[PDB]
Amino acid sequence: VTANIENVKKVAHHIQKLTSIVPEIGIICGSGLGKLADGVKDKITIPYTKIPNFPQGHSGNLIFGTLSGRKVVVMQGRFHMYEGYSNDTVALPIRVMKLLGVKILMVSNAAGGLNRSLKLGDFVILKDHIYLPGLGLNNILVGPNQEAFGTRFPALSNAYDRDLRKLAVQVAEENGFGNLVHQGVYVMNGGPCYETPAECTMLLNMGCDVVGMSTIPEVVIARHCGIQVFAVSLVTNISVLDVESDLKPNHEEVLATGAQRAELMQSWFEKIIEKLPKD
């Protein structure tokens, strides 16, 4: 279904019947990071199956509640392009958030670390991105522009809101884990193969710090409709640049590193949310 104003309105009005929470903040949990949703108080869990026109080991959830005093909606489980979903499908949930009242989107993901100074388990705040699929004609906004949401040619300047980035740094710092925190450029590989050593070396040389297969499409849709964005990568593996190495990325090890840092990351987001300006 086209992520136009009519269909987005439908989905949003349905949800608005199943809950009274008007979210100001939207959160999306990446691979292995579903715990950032567990401190949500007065929560209402709505499975994607109960929502008409949302998409689909079992189902994902839309979770409404409060976190550090603020109203949030959490997407437990995202939609990936490598899974075969259309642009309209990936766009819809973000545009639905927009109509629910979301002003700030906070997204996490798991990524490989390209930058040679990164360690396993480090956090990399995104300050910029390289959208390889978008450069190559698979940008999520290809097609008729939905004018009710935003402009035909969006600019991506300050896409990773620099005030949110500064606040995220300051909160890490004050809570004793500033040393895990970096800022860098995320490049998206459509996937689903991990990157070869040749591909990793090339991505590093283009100026990329972390690589993953998600996140950019959601961020583009969010900036398109004027939602502010904060995004962080968990370094769940170190990319291998050397073809003679036996070390390889493995999705279980990604989930495992996720599980080890999920609580620290959950705590981080909650503390950030507590310090967000309230108007």
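In this text, rigid core is short for the largest set of C-alphas that superpose within 1.5 Å between two forms. Heads up: residue numbers just count along the shown sequence, starting at 1.
When the other structures are laid on the shown form by the rigid core, the stretch among 47-55 and 223-231 with the greater C-alpha deviation in 8 other deposited structures of this protein turns out to be 47-55. Per the compared records, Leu247 is unresolved in at least a third of the other entries whose models span it. The records show that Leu33 is omitted from the coordinate set of at least a third of the other eligible entries of this protein. Counting the deposited residues that fall between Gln56 and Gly57 and carry no coordinates gives a value of 4 to 9. Taking the PDB entry as given, 57-65 carries the higher mean Cα B factor of the two stretches 57-65 and 225-233. Comparing the deposited coordinates for 71-79 and 98-106, the stretch with the larger average C-alpha B-factor is 71-79.
As recorded in the PDB entry, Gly39 shows the highest C-alpha B-factor of the residues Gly30, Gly212, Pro217, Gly39. Sort the modelled residues of the chain by CA B factor and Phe177 lands in the highest third.
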